[PDB]
Structure formats: C-alpha cells, structure tokens
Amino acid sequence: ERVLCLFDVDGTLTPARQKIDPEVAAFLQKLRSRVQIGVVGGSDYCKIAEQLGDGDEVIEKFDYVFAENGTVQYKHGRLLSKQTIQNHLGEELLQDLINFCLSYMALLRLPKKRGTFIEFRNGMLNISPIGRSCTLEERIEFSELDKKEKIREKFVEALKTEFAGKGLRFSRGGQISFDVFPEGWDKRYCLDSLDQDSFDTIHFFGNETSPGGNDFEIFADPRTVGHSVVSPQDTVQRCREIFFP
C-alpha cells in the first residue's frame, strides 16, 4: 500500500517533445492522492521540466523526476543525484569511443554541417552526425537527408561492431542524433535507487514497451508491474481502471 506509479514522458503523458495536456496534468495530481507518482525520461532535466510545468514546478508536481534515464534524480523536491558516464566507463574506453566517432564523422561529406557533434551528458554521449540544426528548417532538412542516406543508422552499425562486447548501447535521440550509453543505463537505471525507497509495488507505464523500444527493459524488469499504453489518454484510462475503478 506504498505504491509508485512511474511514467515514461514522451508519448505516454505528453505528445513527443511537447507540453502536457492540462487535463492529464490534473488527473496525475488526483492519482497522487492514492499513490506516489514519478517520471523517467531519456531527455535532460531542462527538457522534461519544460514539458511538465513552468520553470522547476515538475519537481513539486512529481514525487520523483528521473532525467537521462535516472542518472539524474529529483526526489520529493530535492536533487538527490547524480552519476557521470566518465566515472562509470573510464577515460580510455570513453576516448576510444570519442575518437572513433570523430574519425567517422570527419569522413562524412554532406550537403552541409553545423556544430556540437558530440555532447557530454550525465547518462550518455549525444552524437549528432550532421551537427545540431540551427533552425526548424535545417532540422527538417537534416531529418530527410538522414532518412535517405541512413546516416545515423550506418554510424551505429559501425560503432556496435567496433565496440562489440565492450558494454556500449545505442539509441535514437529522436531525429538528428543518437545516444551512446553504458549497458544497464537504459530506463532501468532509476530502479536501483527506487529499490531502496520501500515501495510495495512500482507500476511502470510506457509507450515503447515492445522489444527495441526505450521502455522495454524497465517494463520487462521484475521490479515493476508493467503497463503498455499508446497515448496519454490511454495512460489516464489505465490508471482509472487500476486505482479508481
């Protein structure tokens, strides 16, 4: 009867990369009268906060905010966190990765390039092979080129092969980029800390719980009761069925 509902963000509580519907927001606070509620996303904290409230309201609206798959953690209004990838991987492997990426991208000759090809985050390296778009027009242009030439896809194939067996994982940063993160640093990462918070049950909700999806591992983990949803309205209905029948 100490219960947590933990939600993926994009596609689960909000439209992808966009603001939460106020009616969903309002339900979550109603759900909060029965259970603790938390979010876990691949995005950084700034992005997640932006989608879920104004300023830093998200840490007040939710009992847990797990950004970068849980490598960044807010707990009951306070920053508990955090871990760094360089600490976990070690400098040698990290630099092997980086120099392989640098060398690969140097040989890519595209219509055009921008900057910040490799960004250090807490939970991952975000790799943007064409560079980060400066406008929406460039972002769309880059997306289309990536689809036609399979830029990110082919880069990841080369990376996975080069680092076979060395414990690196690769996932989409949506369009434009992909993340590189240590094995185990998918959404499951947040479960290790949650393990110590004495929940009787942890319900996880996500919209990519199929194999390949960025919710799969946390959905499938024996530490959670898993729920697959297709939309924020689906999520709200499932919560009503389980907690307010």
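The first residue of the sequence shown is number 1, and the count goes up from there.
Comparing 96-104 with 126-134, the stretch with the higher mean C-alpha B-factor in the PDB entry is 126-134. The stretch 44-52 shows the higher mean C-alpha B-factor when 181-189 is compared against 44-52 in the entry. Out of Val236, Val229, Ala16, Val225, it is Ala16 whose C-alpha atom has the highest B-factor in the PDB entry. The residue among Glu208, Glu217, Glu57, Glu68 whose C-alpha carries the highest B-factor in the deposited model is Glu57. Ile151: CA B factor in the lowest third of modelled residues in this chain (values from the PDB entry). In this PDB entry, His203 carries a Cα temperature factor that places it within the lowest third of its chain's modelled residues. Per the deposited record, the Cα B-factor of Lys112 falls in the highest third when ranked against the other modelled residues of its chain. Among the modelled residues of its chain, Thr161 has a C-alpha B-factor that falls in the lowest third, as given in the PDB entry. When the modelled residues of the chain are ordered by their C-alpha B factor, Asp221 lands in the lowest third.
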